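Scroll down for the structure; my scribbles are underneath it.
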Protein chains: 2
Amino acid sequence: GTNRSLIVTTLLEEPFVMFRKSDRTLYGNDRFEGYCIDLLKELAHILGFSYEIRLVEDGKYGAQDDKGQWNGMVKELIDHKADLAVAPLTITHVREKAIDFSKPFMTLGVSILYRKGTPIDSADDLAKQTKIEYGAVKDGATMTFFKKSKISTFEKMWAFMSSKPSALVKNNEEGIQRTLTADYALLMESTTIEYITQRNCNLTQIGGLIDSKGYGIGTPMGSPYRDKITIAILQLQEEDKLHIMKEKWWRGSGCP
Amino acid sequence: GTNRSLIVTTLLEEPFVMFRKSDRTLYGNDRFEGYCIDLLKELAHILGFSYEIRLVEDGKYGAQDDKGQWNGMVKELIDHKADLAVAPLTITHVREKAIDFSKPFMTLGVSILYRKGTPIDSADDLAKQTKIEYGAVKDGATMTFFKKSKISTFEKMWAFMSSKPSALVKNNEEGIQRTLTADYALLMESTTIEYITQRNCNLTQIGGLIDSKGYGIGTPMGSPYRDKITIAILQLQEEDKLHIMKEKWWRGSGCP
Ligand SMILES: N[C@@H](CCC(=O)O)C(=O)O
Ligand SMILES: N[C@@H](CCC(=O)O)C(=O)O
Ligand SMILES: [Cl-]
Ligand SMILES: [Cl-]
Ligand SMILES: [Cl-]
Ligand SMILES: [Cl-]
Ligand SMILES: [K+]
Ligand SMILES: [K+]
Ligand SMILES: [K+]
Ligand SMILES: [K+]
């Protein structure tokens, strides 16, 4: 109880959480690597706790349906089926009504991922047409941002996204594949766009950031672990350790 | 320590925290009333704690200067000079890097307060001119939102606000007075606009909400009181007690 391993919910999302490469069949925690796994390992070392990582069954981050029921990792935390959600889980006002978060470990904002070609320059350019289809990950923070916005441009965008079946994708990977195979722009969080555009040289960020917010480790509301994790994060940041950790996982061969 | 009274920092802001009317000279906690004081009293009753309310000396909510130093209630918490900030303190990503917050007790967004007269309809209308001056409370969340925005309209607005000495006001009260005496629009949080426009019938909200976020009780990072306060808030909300509390302090004679 005071000594038990913490249950960690997560999902696969490069370069935050990935299946590490091996010839063996792997099991348990050893299956996973990435920026969020490195962060978890360092926190566990600093704070003297152990854990068991489990993939969220529905593969979702989490949003509310019309009855107010949650899904994804957010629901796992609400139900106390996990102690921590270690993932690029966006800290948002709607989620803070239901779960808690550590202090942010990374800053990001919503922006646009699109193929180099048609020289659109902002969300305003997308909103005023439909030839270039656009969308977001279903039941994530970006979708919820658009759904809740009262800014005219973004209201128009939500009207389109929410009317078009194909527009909301299962996960980043599906969305990225869609930008590569169709005339489709993905509304995506900016540090992920940074990672993707360094590796897929035909993709680019369109325009700037629409907002500026954070990823945090999610916990059930009132968790006894959340504060020590926050203080440890703060201290890692004071020493630039998270910047270094980001460089490790974002580092790579650029583009021509 | 386990029994000591909590130090509460606050500032005067109608109808959240006000000096109550009396013929006597009042002292101590008895000086204060309002929505946030009612919230504090209910939490203290539920949770079995006592407190001493102190007004933040600089009268500010809190923002960072160029060296990264904070002021206002945020600085009081960082310094552990207060245990709680009980006020309409906006929960923001930049603040979450330095302090913690309870779950939100109220939802709001940035909007525009302006005199009925010139029929402007949105921030876009303000941004494209300077005849109608506009601004925000200095060293509050709204100012910081504009300062950090990369949305073109809001960048233009920040360029203007930050160049014009008179534009950033000391507090809501100064800003409201300015809308009443000059051709000036105040960027203000929406539930306060709601309160003001019910009482000053010549003022109105212009356009909709630019964002949607929360007020929370601020605490130093890692506070031992923050979780129980969060759970108590949650339970007050499940029973609609905060909606009722808002109706109490926002209730009043409408306008013609
Ligand atoms: N990080 C997001 C998922 C990705 C997105 O919504 O763009 C979340 O926590 O919901
Ligand atoms: N509630 C704001 C102050 C008012 C404003 O910035 O509009 C804050 O916590 O900074
Ligand atoms: Cl698993
Ligand atoms: Cl860092
Ligand atoms: Cl005082
Ligand atoms: Cl309520
Ligand atoms: K253990
Ligand atoms: K393998
Ligand atoms: K006491
Ligand atoms: K008096």
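Going through the structure tokens in order, the chains are called A, B, and so on, while each chain numbers its residues from 1 and the ligands are numbered from 1 in the order shown.
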
- Message: Using only C-alpha atoms and a cut-off of 6 Å, which residues of chain B sit close to chain A? Please list them as a list in words.
- Response: residues 93, 96, 103, 213, 222 and 227 of chain B

Can I get the selected residues back with N, CA, C and O atoms, as a CSV table (one decimal), in the first residue's frame?
```
chain,number,residue,atom,x,y,z
B,93,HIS,N,-1.4,27.5,-17.6
B,93,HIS,CA,-0.3,26.6,-17.8
B,93,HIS,C,1.0,27.3,-17.3
B,93,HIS,O,1.8,26.7,-16.6
B,96,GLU,N,1.0,27.0,-13.6
B,96,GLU,CA,1.1,25.6,-13.1
B,96,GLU,C,2.6,25.1,-13.2
B,96,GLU,O,2.9,24.1,-12.6
B,103,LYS,N,-8.9,21.8,-8.0
B,103,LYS,CA,-9.8,21.7,-9.2
B,103,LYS,C,-10.5,23.0,-9.3
B,103,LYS,O,-10.7,23.7,-8.4
B,213,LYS,N,-11.7,28.4,-19.5
B,213,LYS,CA,-10.8,28.0,-18.4
B,213,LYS,C,-11.4,28.1,-17.1
B,213,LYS,O,-12.6,28.3,-16.9
B,222,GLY,N,2.9,21.3,-4.0
B,222,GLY,CA,3.1,20.2,-3.1
B,222,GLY,C,2.3,20.4,-1.8
B,222,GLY,O,2.4,19.6,-0.9
B,227,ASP,N,-5.3,18.6,-1.9
B,227,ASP,CA,-6.2,17.5,-2.3
B,227,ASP,C,-7.5,17.5,-1.5
B,227,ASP,O,-8.6,17.2,-2.2
```

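Listed by chain and then residue number, the contacts of ligand 6 are residues 105, 106, 233, 234, 235, 236, 237, 238, 239, 240, 241, 242, 243, 244, 245 and 246 of chain B (distance at most 9 Å, using only C-alpha atoms and all ligand atoms).
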
As a quick test: using only C-alpha atoms and all ligand atoms, which residues lie no more than 7 Å away from ligand 7? Give them as a short mmCIF file (atom, residue, chain, number, x, y, z; two decimals) with N, CA and C atoms, in the first residue's frame.
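Below you can see pocket11.cif, which holds the result:
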```
data_model
loop_
_atom_site.label_atom_id
_atom_site.label_comp_id
_atom_site.auth_asym_id
_atom_site.auth_seq_id
_atom_site.Cartn_x
_atom_site.Cartn_y
_atom_site.Cartn_z
N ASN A 3 3.96 0.54 -0.03
CA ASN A 3 5.07 -0.05 -0.80
C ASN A 3 4.65 -0.66 -2.14
N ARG A 4 3.35 -0.82 -2.37
CA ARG A 4 2.92 -1.48 -3.61
C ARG A 4 3.42 -0.78 -4.89
N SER A 5 3.54 -1.55 -5.96
CA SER A 5 3.82 -0.97 -7.26
C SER A 5 2.64 -0.18 -7.77
N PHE A 49 9.95 4.33 -6.01
CA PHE A 49 8.75 3.51 -6.24
C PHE A 49 8.92 2.62 -7.44
N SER A 50 8.12 1.56 -7.47
CA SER A 50 8.07 0.63 -8.60
C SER A 50 6.70 0.70 -9.26
#
```

- Task: Can you pull out every residue within 12 Å of residue 196 of chain A, counting only C-alpha atoms, but drop anything in the same chain fewer than 2 positions away, and send it as a PyMOL selection string?
- Result: chain A and resi 13-15+112-115+172-173+175-177+179-180+186+188-194+198-205+249-255

Could those residues be written to a file, using C-alpha atoms, as a PDB file, in the first residue's frame?
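Result saved to result-v5.pdb:
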```pdb
ATOM      1  CA  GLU A  13       2.608   7.185 -29.229  1.00  0.00           C
ATOM      2  CA  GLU A  14       6.009   7.879 -30.846  1.00  0.00           C
ATOM      3  CA  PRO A  15       8.416   9.005 -29.473  1.00  0.00           C
ATOM      4  CA  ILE A 112      -1.359  21.858 -38.434  1.00  0.00           C
ATOM      5  CA  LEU A 113       0.421  18.943 -40.085  1.00  0.00           C
ATOM      6  CA  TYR A 114       0.168  18.864 -43.884  1.00  0.00           C
ATOM      7  CA  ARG A 115       2.071  17.810 -46.992  1.00  0.00           C
ATOM      8  CA  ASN A 172      -1.798  10.144 -34.562  1.00  0.00           C
ATOM      9  CA  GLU A 173      -0.505   7.341 -36.668  1.00  0.00           C
ATOM     10  CA  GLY A 175      -3.842  10.786 -39.021  1.00  0.00           C
ATOM     11  CA  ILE A 176      -0.255  10.995 -40.257  1.00  0.00           C
ATOM     12  CA  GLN A 177      -0.904   8.203 -42.761  1.00  0.00           C
ATOM     13  CA  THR A 179      -1.860  13.311 -44.568  1.00  0.00           C
ATOM     14  CA  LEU A 180       0.465  11.153 -46.670  1.00  0.00           C
ATOM     15  CA  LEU A 186      -4.158  16.940 -39.315  1.00  0.00           C
ATOM     16  CA  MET A 188      -1.952  17.969 -34.049  1.00  0.00           C
ATOM     17  CA  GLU A 189       0.087  18.974 -31.020  1.00  0.00           C
ATOM     18  CA  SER A 190       3.264  20.833 -31.908  1.00  0.00           C
ATOM     19  CA  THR A 191       6.092  18.804 -30.376  1.00  0.00           C
ATOM     20  CA  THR A 192       4.711  15.746 -32.156  1.00  0.00           C
ATOM     21  CA  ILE A 193       4.643  17.693 -35.422  1.00  0.00           C
ATOM     22  CA  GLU A 194       8.268  18.570 -34.728  1.00  0.00           C
ATOM     23  CA  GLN A 198      12.069  15.696 -39.031  1.00  0.00           C
ATOM     24  CA  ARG A 199      11.392  12.130 -40.232  1.00  0.00           C
ATOM     25  CA  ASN A 200       8.825  12.581 -42.996  1.00  0.00           C
ATOM     26  CA  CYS A 201      10.470  15.209 -45.106  1.00  0.00           C
ATOM     27  CA  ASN A 202       7.414  15.742 -47.290  1.00  0.00           C
ATOM     28  CA  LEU A 203       5.352  16.919 -44.312  1.00  0.00           C
ATOM     29  CA  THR A 204       5.429  20.329 -42.668  1.00  0.00           C
ATOM     30  CA  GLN A 205       3.865  22.445 -39.971  1.00  0.00           C
ATOM     31  CA  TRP A 249      14.216  11.167 -28.413  1.00  0.00           C
ATOM     32  CA  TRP A 250      13.731  13.958 -30.976  1.00  0.00           C
ATOM     33  CA  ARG A 251      17.343  13.788 -32.276  1.00  0.00           C
ATOM     34  CA  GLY A 252      17.807  12.516 -35.807  1.00  0.00           C
ATOM     35  CA  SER A 253      18.796  13.003 -39.424  1.00  0.00           C
ATOM     36  CA  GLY A 254      17.171  16.131 -40.814  1.00  0.00           C
ATOM     37  CA  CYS A 255      15.743  16.581 -44.293  1.00  0.00           C
TER      38      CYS A 255
END
```

- Task: Could the residues that lie within 8 Å of ligand 2, counting only C-alpha atoms and all ligand atoms, be listed as a PyMOL selection string?
- Result: chain B and resi 60-63+87-91+110+136-144+171-172+187-189+215

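The space separating atom 1 (K, counted along the ligand's line) of ligand 10 from atom CA of residue 181 of chain B comes to 28.7 Å.
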
- Query: What are the DSSP strand (DSSP E or B) residues of segment 19-245 of chain B, as a PyMOL selection string?
  - Reply: chain B and resi 19+32-33+51-55+64+70+84-90+99-101+106-108+110-115+133-135+137+169+184-189+203-206+213-220

Expected file contents, prior selection, C-alpha atoms, as a PDB file, in the first residue's frame:
```
ATOM      1  CA  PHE B  19     -15.178  44.575   2.489  1.00  0.00           C
ATOM      2  CA  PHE B  32     -14.557  40.126   4.281  1.00  0.00           C
ATOM      3  CA  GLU B  33     -17.534  38.737   2.411  1.00  0.00           C
ATOM      4  CA  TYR B  51      -7.654  30.446   8.658  1.00  0.00           C
ATOM      5  CA  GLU B  52      -6.459  34.055   8.672  1.00  0.00           C
ATOM      6  CA  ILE B  53      -7.198  36.161   5.573  1.00  0.00           C
ATOM      7  CA  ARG B  54      -4.567  38.684   4.417  1.00  0.00           C
ATOM      8  CA  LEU B  55      -4.726  41.033   1.434  1.00  0.00           C
ATOM      9  CA  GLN B  64       6.443  36.873 -14.471  1.00  0.00           C
ATOM     10  CA  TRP B  70       6.743  36.483 -10.050  1.00  0.00           C
ATOM     11  CA  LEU B  84      -4.087  29.247   0.023  1.00  0.00           C
ATOM     12  CA  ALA B  85      -4.950  31.962  -2.486  1.00  0.00           C
ATOM     13  CA  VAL B  86      -8.724  32.289  -2.216  1.00  0.00           C
ATOM     14  CA  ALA B  87      -9.685  34.540  -5.075  1.00  0.00           C
ATOM     15  CA  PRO B  88     -10.779  34.337  -8.699  1.00  0.00           C
ATOM     16  CA  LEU B  89      -7.292  33.101  -9.539  1.00  0.00           C
ATOM     17  CA  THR B  90      -7.131  31.805 -13.071  1.00  0.00           C
ATOM     18  CA  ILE B  99       2.278  26.802  -8.125  1.00  0.00           C
ATOM     19  CA  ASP B 100      -0.593  24.369  -7.767  1.00  0.00           C
ATOM     20  CA  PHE B 101      -4.336  24.820  -7.858  1.00  0.00           C
ATOM     21  CA  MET B 106     -15.876  28.190 -11.739  1.00  0.00           C
ATOM     22  CA  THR B 107     -15.571  28.268 -15.534  1.00  0.00           C
ATOM     23  CA  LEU B 108     -14.895  31.467 -17.447  1.00  0.00           C
ATOM     24  CA  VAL B 110     -11.811  36.083 -21.823  1.00  0.00           C
ATOM     25  CA  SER B 111     -14.242  38.454 -23.487  1.00  0.00           C
ATOM     26  CA  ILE B 112     -14.766  42.192 -24.004  1.00  0.00           C
ATOM     27  CA  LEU B 113     -16.417  44.793 -21.790  1.00  0.00           C
ATOM     28  CA  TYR B 114     -17.453  47.989 -23.582  1.00  0.00           C
ATOM     29  CA  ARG B 115     -20.060  50.745 -23.525  1.00  0.00           C
ATOM     30  CA  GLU B 133      -8.393  51.908 -27.071  1.00  0.00           C
ATOM     31  CA  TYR B 134      -8.339  48.555 -25.300  1.00  0.00           C
ATOM     32  CA  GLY B 135      -6.409  46.718 -22.636  1.00  0.00           C
ATOM     33  CA  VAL B 137      -5.476  44.190 -15.978  1.00  0.00           C
ATOM     34  CA  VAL B 169      -4.924  48.960 -15.771  1.00  0.00           C
ATOM     35  CA  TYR B 184     -11.976  52.098 -24.070  1.00  0.00           C
ATOM     36  CA  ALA B 185     -12.759  48.378 -24.139  1.00  0.00           C
ATOM     37  CA  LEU B 186     -11.557  46.117 -21.341  1.00  0.00           C
ATOM     38  CA  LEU B 187     -10.510  42.515 -22.022  1.00  0.00           C
ATOM     39  CA  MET B 188     -12.005  40.835 -18.981  1.00  0.00           C
ATOM     40  CA  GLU B 189     -13.050  37.428 -17.701  1.00  0.00           C
ATOM     41  CA  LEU B 203     -22.011  48.420 -20.438  1.00  0.00           C
ATOM     42  CA  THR B 204     -22.169  45.206 -22.433  1.00  0.00           C
ATOM     43  CA  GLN B 205     -20.214  42.145 -23.435  1.00  0.00           C
ATOM     44  CA  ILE B 206     -18.809  42.335 -26.961  1.00  0.00           C
ATOM     45  CA  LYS B 213     -10.780  27.953 -18.435  1.00  0.00           C
ATOM     46  CA  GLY B 214     -11.144  27.875 -14.663  1.00  0.00           C
ATOM     47  CA  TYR B 215     -10.623  29.641 -11.374  1.00  0.00           C
ATOM     48  CA  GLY B 216      -9.036  27.553  -8.633  1.00  0.00           C
ATOM     49  CA  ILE B 217      -7.799  28.015  -5.093  1.00  0.00           C
ATOM     50  CA  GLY B 218      -4.045  28.495  -5.443  1.00  0.00           C
ATOM     51  CA  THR B 219      -1.572  26.631  -3.218  1.00  0.00           C
ATOM     52  CA  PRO B 220       2.185  26.288  -3.020  1.00  0.00           C
TER      53      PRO B 220
END
```

- Task: Show me which residues sit within 7 Å of ligand 10 when counting only C-alpha atoms and all ligand atoms, and put them as an MDAnalysis selection string.
- Result: chainID B and resid 21:26

- List the neighbours of residue 130 of chain B out to 12 Å using only C-alpha atoms; skip same-chain residues closer than 3 positions along the sequence, and give me the result as a count of residues only. 18

- Work out how far atom CA of residue 82 of chain A is from atom CA of residue 8 of chain A, in Å to one decimal.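 Computing it gives 5.6 Å between the two atoms.
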
- Interatomic distance, atom CA of residue 29 of chain A to atom CA of residue 6 of chain A (Å, one decimal): 12.2 Å

- Restricting the calculation to only C-alpha atoms and all ligand atoms, which member of A:16, A:166, A:66, A:41 is positioned closest to ligand 1?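 Between A:16, A:166, A:66, A:41, the residue approaching ligand 1 most closely is A:16.
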
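Distance check against residue 247 of chain A using only C-alpha atoms: of A:20, A:35, A:153, A:11, the minimum falls on A:35.
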